[PDB]
Structure formats: C-alpha cells, structure tokens
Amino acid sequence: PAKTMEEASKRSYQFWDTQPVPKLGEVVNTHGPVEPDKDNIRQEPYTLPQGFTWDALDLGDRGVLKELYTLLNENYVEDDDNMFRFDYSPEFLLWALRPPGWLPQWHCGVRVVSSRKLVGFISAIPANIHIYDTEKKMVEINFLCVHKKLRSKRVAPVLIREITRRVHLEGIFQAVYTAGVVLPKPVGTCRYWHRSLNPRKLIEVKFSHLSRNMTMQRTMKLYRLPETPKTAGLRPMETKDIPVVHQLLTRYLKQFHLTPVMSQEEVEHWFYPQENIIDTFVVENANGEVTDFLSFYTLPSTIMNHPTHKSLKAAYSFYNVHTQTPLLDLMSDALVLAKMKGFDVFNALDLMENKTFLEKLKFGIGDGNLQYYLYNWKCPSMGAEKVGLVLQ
C-alpha cells in the first residue's frame, strides 16, 4: 500500500487496472460513467479460496453482530506505527450499517467452513450522491476487513468483486468510498487534524507529543476549555427538529461538489442523537427558530500493548451547518461539549469550510490522509474544501 501520491506512481495495480476507475496518472476533463451499465449480471458468487464460504451477516442477531465487532476490533484499520486500532462499537456498527434502504446481502461476510470463524467482511449501504452537476444513486463501501492471518492472499479483491456483483444486481453502478491508501484514482484528498482534549492522556499513550519549546504545564493550559458552551440556545436535537435540520443541511451542502442528498428519514437516522454513537446540537434562537447545528460521532480506538491505558475516546466532526452563528463559535462549543462528554481528542478533516477554524481552535495536523474515491465515474478532482461528504 502507498500512502503518498508520488510513491503510488511507482506502484503497479494488478487489481485496480481491471476496474472501471481512471488510471492514477490519468488527468480527467470529462463527466460520466467509465463504462455503461451492465444489462446482464453474473448470477453466481465469486469463488473463494478452498475452506472459506460467503455468509450474509444478519446484524439484528446479537451474536452475529458481536462476531463482526470482534473481527473489526482485532483486524481493522491501525495507525502507521501499529499503536492504535479503530474500535467501532456494536451499536455504532448497527447505526452505520442499517441506514434507510439497507440490504442484508450487502453485509457480506466470509467464514471458515470448518470453524465458522468470521475472517472477512465488506459492506454497502445505499446513498444518493451529488457529484458536480449530477445526482446519482450509489452505494457507500465501508468496513472492508480481512483477518490478519488471511492477509496478502488476494482475498480483498474477491470481496470487492463480490460486493460489486451484489450491488450490480440491485441496479446500481457507481459507488463512493474512502481509504487511507492511494489507489486509482482519488477524486479528492483530505487530511485529518486533531484537537487535544485530555492532553495528558494523549502524551502518556504517545498519540501526541510535547512540542519542542513547550512543557506539560503549558500544554494543559494551552488546551483548557470553558466548562460550558457559549452559544445562546444550543441544545440537543429533538424529534421536532428533524425537518429543519434536513432543510439546513440540504441548503448548506449545495456549495460543495461532492455531497450526500439525504431524505428526511436519512436525516433522522444520521443525526438523531444516540448516546455513544452520534451527538447533534441545534441552535434555537430567541424567536424559537433553529438556525444552526453541530454534530460529531463517537469512535474510540484500542491502545495496543499498553499495560494501563486501553482505549482512546475520540469524537469525529460530522456535519456542521451555520447560518446565524459563526462556524468558529459553533466548533468551539463542539469541543466544549466533547470535553464534557469525556472524549480525549476531537478529530476533524480539512474538508468543507473546516480550514477556516482548524488552526484558530488549536487543532494540530495529522499524519494520515483520507482519500475519496468514486467507482465507475469520471470527473475532475477537487480540493478538500469542496468535499462535502463525511463517512463513518
């Protein structure tokens, strides 16, 4: 895997060269499908290596959900230095994998035939995507995971082909997805930034480090936050707010070039607060009108090989819409709220208008890129500030 854009051009993509995506060296000045929709689709599942079988995971079965939780907890994405691993919770996985329109065959597992052990996964969920001047029904691909003992055995290309086949069967021919690695061909490159909330714990676990000309006492004072948010009328989102949150979001996202197009049911699903999964706060002004909202989702990570600190509680910026409160004030209150809720760090990407507040609110740039990709869609690349899509 290549993490850098120039080091990826020294690479050969035996699998991705067979796929309908632009070549990494290609420069795109067209808008449309790489290849036409297929009007006949392979009916049989692709072949897995001997001893492994497909299994669609019913995540409404608590035991199966727990098997997925364990597969990801032990084998999903780690940082560069193998010190931290994502720790998606079971109830978070239910939120991310059963939005409106979810399909059981799109929760695509791989099991050992003998032991029944879950050793592979990939998922699709449906999403209407606005890309420049086109609105397309697509899927979002997420949670591609291969057990560590199954790695480097061409199992991931099979998972990609098999979910592609199952999506094609439902009449969808484009997808969107993100990754930390460079593949053919990013439609946009974003960067994670981090805002320390408990700088002490973060330095002790070597998530962060003390700056050269700074001390620990200075570091704690630098990152100190108000006890309570300052925006008048800020409160948790309630059911009565679902229409206005939908309206605010739809209007706000028109300015970007890669965005979701959410129904009101999708807005309920993605924003209605659920403890330890998703937080949404609206601004209800002195007239009783909701004029802004902030949101962030809960995604802890496992701290590997540490005798005392086992987990890092992280908040991830989701969608933040401002029409009367300045964005800078909204995000300051998000940090205060995340601090109040026990989070250790607040992460945000440099997409949408986030660059207007990252430096001012004392975020530090991260070392990991997040590349955005479209499958079977040719369009010009865009800068981070035009990406208006956040995936879990």
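Definition used throughout: the rigid core is the maximal C-alpha set that superposes within 1.5 Å between two forms. Sequential numbering from 1, following the sequence displayed.
- Message: Please tell me which region, 213-221 or 133-141, has C-alphas lying farther from the displayed form on average in 8 other deposited structures of this protein, with superposition done on the core.
- Response: Stretch with the higher C-alpha RMS distance in 8 other deposited structures of this protein: 213-221.
- Item | Of 122-130 and 309-317, which departs more from this form in 8 other deposited structures of this protein by CA RMS after core fitting | When 309-317 and 122-130 are compared in 8 other deposited structures of this protein, 309-317 lies farther out.
- Mean C-alpha B-factor higher for 239-247, or for 129-137? In the deposited entry, the stretch with the higher C-alpha B-factor mean is 129-137.
- Task: Pick between 371-379 and 6-14: the one whose mean CA B-factor in the entry is higher.
- Result: Comparing 371-379 with 6-14, the higher average CA B-factor belongs to 6-14.
- Could you tell me which one of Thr70, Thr53, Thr325, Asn29 shows the highest CA temperature factor in the PDB record? Among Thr70, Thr53, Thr325, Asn29, the highest C-alpha B-factor in the entry belongs to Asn29.
- Query: Going by the entry, which of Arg195, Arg212, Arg85, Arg166 has the most elevated CA B factor?
  - Reply: Highest C-alpha B-factor among the listed options: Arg212.
- Could you look up the Cα B-factor of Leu330 in the entry and say which third of the chain it sits in: lowest, middle or highest? Middle third, going by the recorded CA B-factors of the chain.
- Task: Sorting the chain's modelled residues by C-alpha B-factor, tell me whether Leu253 ends up in the lowest, middle or highest third.
- Result: It belongs to the middle third of the chain when residues are ordered by C-alpha B-factor.
- Message: How does the C-alpha B factor of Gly120 compare with the rest of the chain: lowest, middle or highest third?
- Response: Its C-alpha B-factor belongs to the lowest third of this chain's values.
- Task: Place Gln105 in the lowest, middle or highest third of its chain's C-alpha B-factors, as listed in the PDB entry.
- Result: Middle third.
- Message: Sorting by Cα B-factor within the chain, modelled residues only, which third would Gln43 end up in: lowest, middle or highest?
- Response: CA B-factor rank for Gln43: lowest third.
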